[PDB]
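> Mind folding the following:
(one chain, ligands or ions: 2)
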Amino acid sequence: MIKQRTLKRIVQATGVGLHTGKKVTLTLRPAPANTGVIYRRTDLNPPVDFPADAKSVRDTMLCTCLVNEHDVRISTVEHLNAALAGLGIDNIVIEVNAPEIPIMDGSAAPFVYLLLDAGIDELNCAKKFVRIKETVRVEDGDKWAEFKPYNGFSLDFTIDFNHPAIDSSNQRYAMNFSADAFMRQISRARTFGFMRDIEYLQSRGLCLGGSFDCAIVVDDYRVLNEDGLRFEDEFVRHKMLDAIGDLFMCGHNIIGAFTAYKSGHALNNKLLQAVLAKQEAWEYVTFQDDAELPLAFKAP
Ligand SMILES: C[C@@H](O)[C@H](NC(=O)c1ccc(C#CC#Cc2ccc(N)cc2)cc1)C(=O)NO
Ligand SMILES: [Zn+2]
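Numbers count the residues shown, from 1 in each chain. Ligands and ions are numbered 1, 2, ... in the order given. There you are, the coordinates:
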């Protein structure tokens, strides 16, 4: 039987929050079967839980956030969420003593190492996958995202960049998901932003944790970071990282074919909710036989 996974041990790390510019302490904790992914703010007292749920997502100006019944938020969850998906973590409690997850280097890679530190513990309970049964498509102008039936997990992402620093040769990325493929091809791709916009935000007391150490920054013409890009197509790779984090907001790995054009957080979430809302368009599947498990979802 393919089993659910959690952490072996409690681990913690520290890093600046993109919004506040303050030091945030991140604590990752093991959790029992079926409890899922729970984000928790411990700056608030009493602390507040935010179960990762498609319906609870909001696409904020910076990154994304989860909200509770009272519109209290926890922000910047998507990069860590992508790492959870990558390593197949099903149940976990994620605590921060702040309103946001630390931005780290702008990618998911630092969370990969943190999760490795915590170890993977298999629980005696079947891991549930969301298998796509019908083609489901959502749109927003010329933008669209869709899921199609497919025995595995593929992502086909096209971005509609018009910036001098992004060549047409790097407008699209497509991959067969797997823990190894996520870790090596995707996890190190950093988020990015436009310097003038960031300047404005900081002039308004926002995005205070922003720095060259946590993002690719371009002006009108070029990448400003001294060392340049980690990949020639780092921008689109990060947008796929973001797609993986968005889709994992349901707390389950998906068996299907993901394809999107000019998609973002809002549209990715719109697709996720559209699929889950349509009873006929999907079903939970488990694998009592480990052999039946598709290639993409094998352990690292
Ligand atoms: C790409 C988007 O989808 C989205 N990214 C963000 O919204 C985002 C917003 C701002 C920054 C930044 C910065 C900075 C700085 C800086 C550099 C140098 C100096 N001297 C001073 C400040 C980075 C990402 C995302 O990835 N969601 O998952
Ligand atoms: Zn991102």
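
> you'd agree residue 76 is up against residue 16?
No - distance between residue 76 and residue 16: 11.0 Å, which falls outside the contact criterion (Cβ atoms under 8 Å). The C-beta positions use only the backbone N, C-alpha and C, and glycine is treated the same way.

> what about whichever residue of the stretch 201-300 of the chain sits closest to ligand 1, how many neighbours?
Closest to ligand 1 within the stretch 201-300 of the chain is residue 210: 2.8 Å, counting by Cβ to the nearest ligand atom. As a burial measure, residue 210 scores 23 neighbours (other Cβ atoms under 10 Å).

> related to what we said a few turns ago, overlap in contacts, residue 76 and residue 16.
Both residue 76 and residue 16 are contacted by 102, 103, under the criterion Cβ atoms under 8 Å, 6 or more residues apart in numbering.

> Apart from its chain neighbours, what residue comes closest to the closest residue to ligand 2 within the stretch 51-200 of the chain?
The minimum distance from the stretch 51-200 of the chain to ligand 2, using Cβ to the ion, falls at residue 191 (4.2 Å). Excluding the flanking residues, the one nearest residue 191 by Cβ to Cβ, 6 or more residues apart in numbering is residue 106, at 4.3 Å.

> middle-most residue in this structure, spatially?
The centroid of the chain falls nearest to residue 245 when counting by Cα atoms, centre = their mean (1.8 Å).

> Specify the next element, helix or strand, located C-terminal of the helix or strand encompassing that residue.
Under the criterion of DSSP states H and E, residue 245 resides in helix 234-247. The element immediately downstream of helix 234-247 (helix or strand, assigned by DSSP H and E) is strand 254-261.

> which residues does residue 176 bridge with?
residue 154 (DSSP bridges).

> which residues does it contact?
152, 153, 154, 295, 296.

> Could you count how many residues lie near the closest residue to residue 250 other than its chain neighbours?
In this structure, residue 250 finds its nearest non-sequential neighbour in residue 54, 5.1 Å apart by Cβ to Cβ, 6+ apart. By the criterion of other Cβ under 10 Å, residue 54 has 21 neighbours.

> what does the stretch 201-300 of the chain put close to ligand 1?
Within the stretch 201-300 of the chain, the positions adjacent to ligand 1 are 207, 210, 211, 212, 215, 217, 242 by Cβ under 6 Å from any ligand atom.

> ok, which of the residues you listed also contact ligand 2?
Of the residues in these, proximity to ligand 2 by Cβ under 5 Å from the ion holds for residue 242.

> out of the residues of the stretch 201-300 of the chain next to ligand 1, who has the most neighbours?
residue 242 (25 neighbours).

> Do I have it right that that residue meets residue 265?
Yes - shown here, residue 242 and residue 265 form a contact pair, counting by Cβ under 8 Å, at 6.7 Å.

> Name the residues contacting each of these two.
Common contacts of residue 242 and residue 265 (Cβ under 8 Å, 6+ apart): residue 78.

> re the thing from before, from ligand 1, how far off is the nearest residue to the residue of the stretch 201-300 of the chain closest to ligand 1 once chain neighbours are set aside?
The shortest distance from residue 210 to any non-neighbouring residue, by Cβ to Cβ, 6+ apart, is to residue 198 (5.4 Å). The spacing between residue 198 and ligand 1, counted by Cβ to the nearest ligand atom, to the nearest Å, is 4 Å.

> All further residue positions should be reported with the first residue as 62.
Got it, the first residue is 62 from now on, which makes the last one we talked about residue 259.

> Good, wrapping up.
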